[PDB]
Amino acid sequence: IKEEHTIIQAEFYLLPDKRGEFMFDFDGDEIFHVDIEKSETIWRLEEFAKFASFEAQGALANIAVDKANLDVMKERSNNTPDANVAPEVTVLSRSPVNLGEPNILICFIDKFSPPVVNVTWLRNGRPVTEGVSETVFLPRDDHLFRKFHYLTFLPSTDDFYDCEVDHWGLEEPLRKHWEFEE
């Protein structure tokens, strides 16, 4: 046969937020990323950990270089910034929805930069803070980013959900609505 694949090492440092990131991508999915502040390798799926390892220190070293390089670029360009690029937001369920069967809602945030966003899951208009998770900023084919936010839920006709996303490129927060629909 033929095994066509792409592996990507994506890294960045952002100002003025002073935030960095280092991750590995396999065919569009995250393999792992390194928690810069803890110097630890975080696998996207727990099962991956028993098949390999990565010295987190290598990512921190790279981030330090990206940080130094950012200053050179800011100087080289006379601190000339660009426009913020607002994201597209989509909310969908992970699996077919059946009343009373645990499921997961996905809030897909796409095509934006800089890689920073505020996200809030709302259930019946109120913020949900338990049973939620998110990915780091994932690379696209171009210069923009995407991200996934997740919410565990129990399908019911009495509820409705929203994924509220705010980004420096948006005039006002973007609230994407989702409701069960047999």
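Rigid core: the largest C-alpha set superposing within 1.5 Å between the two forms. Residue numbers run from 1 along the displayed sequence.
Comparing the two stretches 95-103 and 72-80 by root mean square C-alpha distance in 4 other deposited structures of this protein, with all structures fitted on the core, the more displaced one is 72-80. Of the two stretches examined, 38-46 and 137-145, the record assigns the greater average C-alpha temperature factor to 38-46. Set 72-80 against 102-110 and average the Cα temperature factors; 72-80 ends up higher. In the deposited entry, the Cα temperature factor of residue 33 places it in the lowest third of its chain's modelled residues.
Among the modelled residues of its chain, residue 160 has a C-alpha B-factor that falls in the highest third, as given in the PDB entry. Sorting the modelled residues of the chain by their CA temperature factor places residue 152 in the lowest third. When the modelled residues of the chain are ordered by their C-alpha B factor, residue 58 lands in the middle third. Placement of the Cα temperature factor of residue 7 within the chain: middle third of the modelled residues, per the deposited record.
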